[PDB]
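Have a look below at one chain only, the form deposited in one PDB entry, in structure tokens format.
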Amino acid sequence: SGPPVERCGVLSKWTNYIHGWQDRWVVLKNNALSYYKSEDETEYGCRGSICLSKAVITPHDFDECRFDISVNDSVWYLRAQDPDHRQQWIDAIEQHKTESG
């Protein structure tokens, strides 16, 4: 019964062992977390979207800026700038997931 959760910003995202961690623009909307190469490249540049309905969000125990998001078919590994911002993201994603159900 309150306003929907919204969030956008840059997160560092694991790509692969060739390029390692790379900054990506991440947007929370439409029961999804979506990412793009950058803020300016959203028109044609969605590089992925993870539906939140059954998504599991796991803060890391050793890398205190890291959280992982997983559905059956994929896992994204993400790092925020500090642990407070990590917690803001986790809290937003969880609140959005709840509200969208």
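Quick note: we count residues from 1 along the sequence shown, nothing fancier.
Beyond what is shown, the protein has a form solved in complex with a partner chain; the following relates to that form.
A.B. asks: If we define contact as a non-hydrogen atom of the residue within 4.5 angstroms of the partner, is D73 a contact of its partner chain in the bound PDB entry?
C.D. replies: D73: yes, in contact with its partner chain in the bound PDB entry.
A.B. asks: Using a 4.5 angstroms cut-off on non-hydrogen atoms, would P59 count as touching its partner chain in the bound PDB entry?
C.D. replies: Outside the cut-off, so no.
A.B. asks: Should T15 be classed as touching its partner chain in the bound PDB entry when contacts are defined as heavy atoms within 4.5 Å?
C.D. replies: Within the cut-off, so yes.
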